[PDB]
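Trainee: The structure follows.
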Amino acid sequence: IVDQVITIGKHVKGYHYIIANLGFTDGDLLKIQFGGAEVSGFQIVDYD
Amino acid sequence: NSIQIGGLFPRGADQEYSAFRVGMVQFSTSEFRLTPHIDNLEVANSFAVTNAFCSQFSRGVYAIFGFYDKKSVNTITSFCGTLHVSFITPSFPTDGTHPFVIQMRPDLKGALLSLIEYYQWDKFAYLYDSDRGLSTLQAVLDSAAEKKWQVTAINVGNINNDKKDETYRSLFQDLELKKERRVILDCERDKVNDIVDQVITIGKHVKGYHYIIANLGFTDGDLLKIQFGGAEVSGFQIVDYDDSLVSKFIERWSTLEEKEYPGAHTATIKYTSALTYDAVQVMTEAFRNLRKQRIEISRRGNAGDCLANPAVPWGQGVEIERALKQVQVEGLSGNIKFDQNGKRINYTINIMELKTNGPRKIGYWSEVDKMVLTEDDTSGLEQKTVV
Amino acid sequence: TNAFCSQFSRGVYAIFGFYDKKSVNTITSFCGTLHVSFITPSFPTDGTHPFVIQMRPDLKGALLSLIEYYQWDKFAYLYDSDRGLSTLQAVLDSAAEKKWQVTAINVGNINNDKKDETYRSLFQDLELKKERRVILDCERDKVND
């Protein structure tokens with residue numbers, strides 16, 4: 001989905017995505033990271 | 001009849017050499033055979049180029065086909081002019097009138113300026129690369145004075161590639177002060193993909209932006225990425241894949257074994273490679289017009305050292321020039337013709353636009369007719385007004 | 001190339017001379033390969049070429065500083081391609097950061113056996129924007145002209 005989102009360009013400022021899983025950092029975010037659209041999620045494994 | 005010629009191929013010119021080989025086969029006749037002496041050297045290094053030239057000269061060649069960089073170009077043009085040696089090259093055209101040099105690449109400077117006026121641009125960004133000389137940069141800058149343009153020229157060349165990211169972010173930061181939405185990419189097929197990739201990352205490939213790829217290979221690069229973005233992309237194509245001539249070439253090219261012919265198992269071909277193939281045809285027709293003209297030019301491998309002082313030009317070279325420059329055949333890059341200097345004339349450059357279904361020719365550019373649009377108008381546009 | 005190899009065969013320890021925007025690459029290359037030292041008053045090389053001693057200091061810096069001193073935002077830049085577009089790129093790149101409206105014009109390729117209808121057409125474009133501030137980047141000769 002994230003890949004498709006970037007292709008159609010719906011990852012720019014104005015969009016807001018929420019990854020509904022316990023592995024937010026488990027996936028590749030470097031792609032929709034500089035797009036502009038805000039992305040939120042959940043992390044169960046605190047690397048801190 | 002064995003005609004020895006020189007071949008200066010820069011390390012990495014796989015498809016170019018592959019096309020050079022295919023040309024040797026397609027244009028091989030019983031009347032005479034061409035004997036290529038290949039020398040793979042770093043084209044950028046002026047010193048190396050000097051040796052490769054004097055080496056091929058001592059071996060006693062009749063003509064030399066190779067490439068040059070913005071740095072070594074002066075070496076070639078100079079030696080070939082002094083030693084009366086003919087030099088055929090697909091590389092960028094020389095900025096001036098240098099004799100004994102045959103240039104396969106047509107001047108894009110004209111086609112570019114015409115396209116700008118077509119879209120009626122008054123303020124645009126011009127990202128250039130100093131690799132092919134600032135010949136086109138001066139063109140747009142000088143025209144910016146007459147046509148009154150606000151050009152934002154930026155050298156995207158000296159960007160160090162081992163950390164080239166905080167540079168692009170700071171690049172489009174300046175292209176946002178004036179809200180630049182119209183960019184002209186004057187780069188190689190490689191530097192273009194790098195920019196295109198960055199453009200998509202920052203999301204400046206959506207509707208509102210307009211890019212112009214300032215090269216003769218519009219379909220040579222990957223466009224599938226900025227194809228559905230929304231931003232309009234235009235460019236130039238010299239290899240018309242709609243010609244039955246080119247279409248037939250691809251039929252055999254796309255099938256060739258990629259093992260023996262590196263980067264040759266595709267349906268397309270880089271304009272640099274296509275010019276190499278057309279170069280072989282020009283050299284063949286040239287040496288053929290000398291046989292039918294009853295002109296003796298033959299010699300041996302004892303031309304001597306090129307640094308010989310005083311340097312005496314062999315008169316047989318003057319005829320070899322008048323031969324190549326007189327050649328006029330049909331190749332992958334349209335009608336091939338030359339002037340007294342070596343610059344191509346009476347050629348055609350198709351203007352391309354990138355739509356949803358893919359690239360599409362919207363017209364062509366003639367050195368005598370400027371830009372001329374061809375059928376394609378999506379006539380009409382809901383014109384169905386209300387009575 | 002001959003003059004270099006000639007002086008090299010004569011067995012010299014160092015070479016002092018000049019180069020043009022065209023022959024500069026020949027010198028920098030040979031002197032780097034043959035480890036021969038080359039001292040020259042000509043324009044500085046655009047990069048880091050070893051075995052080359054340059055007497056001429058880089059003006060690129062002093063120029064950019066002067067522009068800011070007079071607080072220029074819109075000016076014409078008449079340049080000559082004889083000493084390389086090293087300074088041209090300098091003002092163009094800085095025009096992006098400092099936000100300048102530079103009108104660069106190559107006053108070099110002007111054929112001298114009829115160079116008058118060209119100058120009249122030159123200051124005709126420098127009047128569309130009423131340019132009153134010009135930077136002459138040329139040799140001592142092209143400047144007097």
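Scheme for the structure tokens: letters A, B, ... for chains in order shown; per-chain residue numbers from 1; ligand numbers from 1 in order shown.
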I want to know what sits within 6 Å of residue A:24, based on only C-alpha atoms, with residues of the same chain fewer than 6 positions away left out; could you give that as a list in words?
Mentor: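 Contacts, with the query itself left out: residues 41, 42 and 43 of chain A.
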Trainee: List every residue of chain C that DSSP, applied to the backbone of this structure, places in alpha helix (DSSP H), and write the result as a PyMOL selection string.
Mentor: chain C and resi 2-9+24-33+60-69+86-97+122-125+140-144
Trainee: List every residue of stretch 110-179 of chain B that DSSP, applied to the backbone of this structure, places in strand (DSSP E or B), and write the result as a ChimeraX atom specification.
Mentor: /B:123-128,150-155
Trainee: With C-alpha atoms retained, could you export that selection as a CSV table (one decimal), in the first residue's frame?
Mentor:
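Written file, result-v7.csv:
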```
chain,number,residue,atom,x,y,z
B,123,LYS,CA,10.6,31.9,-15.8
B,124,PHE,CA,12.3,28.5,-15.4
B,125,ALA,CA,15.1,26.7,-13.7
B,126,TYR,CA,18.0,25.3,-15.7
B,127,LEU,CA,19.8,22.4,-14.1
B,128,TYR,CA,22.9,21.8,-16.2
B,150,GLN,CA,14.3,34.8,-15.7
B,151,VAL,CA,16.5,31.7,-15.9
B,152,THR,CA,17.8,30.1,-12.7
B,153,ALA,CA,20.9,28.2,-13.8
B,154,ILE,CA,22.3,25.7,-11.4
B,155,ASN,CA,25.4,23.5,-11.9
```
Trainee: At a cut-off of 6 Å, which residues of chain B touch chain C? Count only C-alpha atoms and give the answer as a list in words.
Mentor: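 Residues satisfying the distance criterion: residues 47, 74, 142, 145, 146 and 154 of chain B.
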Trainee: Suppose we keep N, CA and C atoms; can you now write the selection as a short mmCIF file (atom, residue, chain, number, x, y, z; two decimals), in the first residue's frame?
Mentor:
```cif
data_model
loop_
_atom_site.label_atom_id
_atom_site.label_comp_id
_atom_site.auth_asym_id
_atom_site.auth_seq_id
_atom_site.Cartn_x
_atom_site.Cartn_y
_atom_site.Cartn_z
N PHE B 47 46.04 13.05 -21.52
CA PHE B 47 47.30 12.38 -21.84
C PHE B 47 47.07 11.06 -22.55
N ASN B 74 39.66 19.18 -26.95
CA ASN B 74 40.62 20.08 -27.57
C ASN B 74 41.83 19.34 -28.14
N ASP B 142 21.93 33.64 -23.26
CA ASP B 142 21.96 34.70 -24.26
C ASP B 142 20.55 35.01 -24.76
N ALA B 145 18.28 37.12 -22.53
CA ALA B 145 18.43 38.56 -22.64
C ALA B 145 17.46 39.12 -23.68
N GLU B 146 17.39 38.45 -24.83
CA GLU B 146 16.52 38.89 -25.92
C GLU B 146 15.06 38.60 -25.61
N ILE B 154 21.69 26.37 -12.49
CA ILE B 154 22.35 25.72 -11.35
C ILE B 154 23.17 24.52 -11.81
#
```
Trainee: Work out how far apart atom CA of residue B:300 and atom CA of residue B:60 are and give it in Å to one decimal.
Mentor: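 Rounded to one decimal, the two atoms are 6.0 Å apart.
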Trainee: Measuring between only C-alpha atoms, which one of B:382, B:136, B:203, B:29 shows the shortest distance to residue A:13?
Mentor: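 Answer, going by the shortest atom-to-atom distance: B:203.
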Trainee: Show me, as a list in words, the residues of chain B whose atoms get within 12 Å of chain A, using only C-alpha atoms for the distance check.
Mentor: residues 165, 169, 197, 198, 199, 200, 201, 202, 203, 204, 205, 206, 207, 224, 225, 226, 227, 228, 229, 230 and 231 of chain B
Trainee: Restrict the selected residues to N, CA and C atoms and save them as a PDB file, in the first residue's frame.
Mentor:
```
ATOM      1  N   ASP B 165      22.671  14.397  -0.959  1.00  0.00           N
ATOM      2  CA  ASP B 165      21.282  14.377  -0.517  1.00  0.00           C
ATOM      3  C   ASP B 165      20.945  15.690   0.178  1.00  0.00           C
ATOM      4  N   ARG B 169      18.329  18.625  -1.319  1.00  0.00           N
ATOM      5  CA  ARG B 169      17.368  19.265  -0.430  1.00  0.00           C
ATOM      6  C   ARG B 169      17.610  20.767  -0.395  1.00  0.00           C
ATOM      7  N   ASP B 197      14.682  10.542  -9.665  1.00  0.00           N
ATOM      8  CA  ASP B 197      14.447   9.783  -8.442  1.00  0.00           C
ATOM      9  C   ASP B 197      14.276  10.710  -7.243  1.00  0.00           C
ATOM     10  N   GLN B 198      15.147  11.709  -7.141  1.00  0.00           N
ATOM     11  CA  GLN B 198      15.059  12.688  -6.066  1.00  0.00           C
ATOM     12  C   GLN B 198      13.752  13.466  -6.152  1.00  0.00           C
ATOM     13  N   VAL B 199      13.367  13.827  -7.372  1.00  0.00           N
ATOM     14  CA  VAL B 199      12.138  14.573  -7.610  1.00  0.00           C
ATOM     15  C   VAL B 199      10.924  13.827  -7.068  1.00  0.00           C
ATOM     16  N   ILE B 200      10.886  12.520  -7.301  1.00  0.00           N
ATOM     17  CA  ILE B 200       9.779  11.698  -6.835  1.00  0.00           C
ATOM     18  C   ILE B 200       9.784  11.583  -5.316  1.00  0.00           C
ATOM     19  N   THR B 201      10.977  11.490  -4.739  1.00  0.00           N
ATOM     20  CA  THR B 201      11.121  11.365  -3.293  1.00  0.00           C
ATOM     21  C   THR B 201      10.542  12.581  -2.572  1.00  0.00           C
ATOM     22  N   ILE B 202      10.932  13.771  -3.016  1.00  0.00           N
ATOM     23  CA  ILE B 202      10.444  15.007  -2.418  1.00  0.00           C
ATOM     24  C   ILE B 202       9.027  15.329  -2.883  1.00  0.00           C
ATOM     25  N   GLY B 203       8.543  14.565  -3.859  1.00  0.00           N
ATOM     26  CA  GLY B 203       7.174  14.694  -4.323  1.00  0.00           C
ATOM     27  C   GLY B 203       6.936  15.849  -5.276  1.00  0.00           C
ATOM     28  N   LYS B 204       8.002  16.336  -5.904  1.00  0.00           N
ATOM     29  CA  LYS B 204       7.879  17.421  -6.872  1.00  0.00           C
ATOM     30  C   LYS B 204       7.651  16.886  -8.285  1.00  0.00           C
ATOM     31  N   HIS B 205       6.911  15.788  -8.380  1.00  0.00           N
ATOM     32  CA  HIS B 205       6.608  15.174  -9.666  1.00  0.00           C
ATOM     33  C   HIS B 205       5.103  15.113  -9.888  1.00  0.00           C
ATOM     34  N   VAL B 206       4.360  15.846  -9.064  1.00  0.00           N
ATOM     35  CA  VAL B 206       2.908  15.876  -9.160  1.00  0.00           C
ATOM     36  C   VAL B 206       2.453  16.979 -10.106  1.00  0.00           C
ATOM     37  N   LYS B 207       1.148  17.045 -10.350  1.00  0.00           N
ATOM     38  CA  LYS B 207       0.587  18.053 -11.240  1.00  0.00           C
ATOM     39  C   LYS B 207       0.994  19.456 -10.808  1.00  0.00           C
ATOM     40  N   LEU B 224       8.790   5.411 -16.474  1.00  0.00           N
ATOM     41  CA  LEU B 224       7.667   4.771 -15.796  1.00  0.00           C
ATOM     42  C   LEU B 224       7.474   5.296 -14.377  1.00  0.00           C
ATOM     43  N   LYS B 225       8.522   5.887 -13.818  1.00  0.00           N
ATOM     44  CA  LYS B 225       8.470   6.384 -12.448  1.00  0.00           C
ATOM     45  C   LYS B 225       7.771   7.741 -12.334  1.00  0.00           C
ATOM     46  N   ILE B 226       8.177   8.698 -13.165  1.00  0.00           N
ATOM     47  CA  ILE B 226       7.537  10.010 -13.181  1.00  0.00           C
ATOM     48  C   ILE B 226       6.467  10.092 -14.264  1.00  0.00           C
ATOM     49  N   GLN B 227       5.905   8.942 -14.620  1.00  0.00           N
ATOM     50  CA  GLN B 227       4.898   8.877 -15.671  1.00  0.00           C
ATOM     51  C   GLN B 227       3.492   9.068 -15.113  1.00  0.00           C
ATOM     52  N   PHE B 228       3.253   8.525 -13.924  1.00  0.00           N
ATOM     53  CA  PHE B 228       1.936   8.597 -13.302  1.00  0.00           C
ATOM     54  C   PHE B 228       1.897   9.633 -12.185  1.00  0.00           C
ATOM     55  N   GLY B 229       3.007  10.342 -12.002  1.00  0.00           N
ATOM     56  CA  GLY B 229       3.103  11.355 -10.966  1.00  0.00           C
ATOM     57  C   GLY B 229       2.122  12.495 -11.163  1.00  0.00           C
ATOM     58  N   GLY B 230       1.997  12.957 -12.401  1.00  0.00           N
ATOM     59  CA  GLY B 230       1.097  14.050 -12.718  1.00  0.00           C
ATOM     60  C   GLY B 230       1.807  15.193 -13.416  1.00  0.00           C
ATOM     61  N   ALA B 231       3.063  15.418 -13.044  1.00  0.00           N
ATOM     62  CA  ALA B 231       3.859  16.477 -13.650  1.00  0.00           C
ATOM     63  C   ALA B 231       4.146  16.162 -15.113  1.00  0.00           C
TER      64      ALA B 231
END
```
Trainee: Need the shell around stretch 37-47 of chain C: protein/DNA/RNA residues with any atom at most 6 Å away, counting only C-alpha atoms. Skip same-chain ones fewer than 6 positions apart. Format as a ChimeraX atom specification?
Mentor: /C:14-18,53-56
Trainee: What's around stretch 343-359 of chain B at 6 Å? Count only C-alpha atoms, leave out sequence neighbours fewer than 6 positions away in its own chain, and write the answer as a ChimeraX atom specification.
Mentor: /B:103,106,233-238,335,337,365-366
Trainee: What does the distance between atom CA of residue B:215 and atom CA of residue B:15 come to in Å, to one decimal place?
Mentor: 17.9 Å
Trainee: Separation of atom CA of residue C:34 and atom CA of residue B:49, in Å?
Mentor: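 Between these atoms lies a distance of 15.1 Å.
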Trainee: Using only C-alpha atoms, which residues sit within 6 Å of residue B:59 once same-chain residues fewer than 2 positions away are excluded, as a list in words?
Mentor: residues 56, 57 and 301 of chain B
Trainee: With N, CA, C and O atoms retained, could you export that selection as an mmCIF file, in the first residue's frame?
Mentor:
```
data_model
loop_
_atom_site.group_PDB
_atom_site.id
_atom_site.type_symbol
_atom_site.label_atom_id
_atom_site.label_comp_id
_atom_site.auth_asym_id
_atom_site.auth_seq_id
_atom_site.Cartn_x
_atom_site.Cartn_y
_atom_site.Cartn_z
ATOM 1 N N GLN B 56 47.441 4.968 -32.853
ATOM 2 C CA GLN B 56 46.635 4.622 -34.014
ATOM 3 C C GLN B 56 47.159 5.323 -35.264
ATOM 4 O O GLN B 56 46.902 4.890 -36.385
ATOM 5 N N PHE B 57 47.901 6.407 -35.065
ATOM 6 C CA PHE B 57 48.468 7.159 -36.176
ATOM 7 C C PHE B 57 49.741 6.502 -36.698
ATOM 8 O O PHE B 57 50.000 6.495 -37.900
ATOM 9 N N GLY B 301 51.857 1.258 -42.703
ATOM 10 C CA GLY B 301 51.939 1.556 -41.284
ATOM 11 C C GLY B 301 53.250 2.218 -40.908
ATOM 12 O O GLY B 301 53.920 1.801 -39.963
#
```
Trainee: Tell me, as a list in words, which residues lie within 7 Å of residue B:275, counting only C-alpha atoms; anything in the same chain fewer than 6 positions away does not count.
Mentor: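 Everything that qualifies: residues 90, 104 and 333 of chain B.
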